[PDB]
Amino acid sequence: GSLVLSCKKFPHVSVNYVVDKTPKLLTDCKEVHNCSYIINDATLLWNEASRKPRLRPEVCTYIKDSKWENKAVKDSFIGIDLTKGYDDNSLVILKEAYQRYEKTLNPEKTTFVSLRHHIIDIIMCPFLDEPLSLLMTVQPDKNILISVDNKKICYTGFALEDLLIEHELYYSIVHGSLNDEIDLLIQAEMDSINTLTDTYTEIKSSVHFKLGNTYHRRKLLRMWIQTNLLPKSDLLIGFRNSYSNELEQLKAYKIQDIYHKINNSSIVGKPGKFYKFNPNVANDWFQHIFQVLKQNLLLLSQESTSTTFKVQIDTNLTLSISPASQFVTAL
């Protein structure tokens, strides 16, 4: 019926393992659909009908040249108080995306279907001091659906996207292979596209990184997982004055960049406690739980009345899989 399993002794490389070119989490990863969600209209505008959020041209210009067109331009961004004006369902889209691409799912593999948020959450377990909980339903088609069950730092983030981009949300549905027996159909919200480079660009707000500070090592590792799960994607980070909240610097990064930042022969000098936040360890952990999960959820299902399961993971990486009520749906 249920199941407990220790996953702390999962195969993985050395915490100190360094390698030059960042690894990849999914192979043959490609976007298979995309869509803008017009909220007031309760509409989904698929693919060629979707309105991609465009990164302002000045910014694209700045990213390319590595300098602003002129002082005026620069002052339209740098120095702006990302605080000014602070005093003021996703599972539905996924299910439509699954319905539109299903006939294209490889029938020889198990496909986990989920919003990017959850895949990231799972890869992070061993790097967090908090635990994990989620629902995983084994659909009649034998695939698996994953679902669920600081106002100011948050606002500066929307404020920054607003300042850099030209009510409505844009989703990218990608497909990638994990195993010889496992694929992922992931839904992810793109912040924007860099028009000059035809590359999604993930906007992040932050205070200058105090590396060697666990909080930032986490953020940087999560950032890496977040973009490295997509087929194409870059980052743009707005660094702000920890005091004024003024946007001090705009810095663009490729996945390689974020990777290097957290995988040096030098950085791995200080001893760690979370596998030193090593992207490769993360990658190994990735390969391990999903194999574990796919196997057991499949096994338990054949012997149960419930297609849905409560999946939990200890701070000790101990997996717990008990069946959920067959008379309840998580929307």
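All residue numbers are counted from 1 along the displayed sequence.
Q: What number of deposited residues lacks coordinates in the span between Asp149 and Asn150: none, 1 to 3, 4 to 9, or 10 or more?
A: Count of unmodelled residues in between: 10 or more.
Q: Would you mind checking whether any residues of the deposited sequence sit unmodelled between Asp88 and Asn89, and how many (none, 1 to 3, 4 to 9, 10 or more)?
A: Per the deposited record, the segment joining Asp88 and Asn89 lacks coordinates for 4 to 9 residues.
Q: Where do the C-alpha atoms have the higher mean temperature factor in this entry, in 282-290 or in 59-67?
A: It is 59-67 that shows the higher mean C-alpha B-factor.
Q: Could you settle it for me: does 74-82 or 114-122 have the higher average Cα B factor in the PDB entry?
A: Higher mean C-alpha B-factor in the PDB entry: 74-82.
Q: Which one of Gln99, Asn245, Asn228, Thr104 shows the top CA temperature factor in the record?
A: That would be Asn245, according to the entry.
Q: State the tercile, meaning the lowest, middle or highest third, of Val32 with respect to the CA B-factors recorded for its chain.
A: It falls in the bottom third of the chain.
Q: If you rank every modelled residue in this chain by C-alpha B factor, which third holds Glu202: lowest, middle or highest?
A: Middle third - that is where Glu202 ends up once the chain's C-alpha B-factors are sorted.
Q: If you rank every modelled residue in this chain by C-alpha B factor, which third holds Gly212: lowest, middle or highest?
A: Its C-alpha B-factor belongs to the highest third of this chain's values.
Q: Lowest, middle or highest third: where is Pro323 by C-alpha B factor in its chain?
A: Tercile = highest for this residue's CA B-factor.
Q: Within this chain, which third does the Cα B-factor at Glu189 fall in: lowest, middle or highest?
A: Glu189: CA B-factor falls in the lowest third of its chain.
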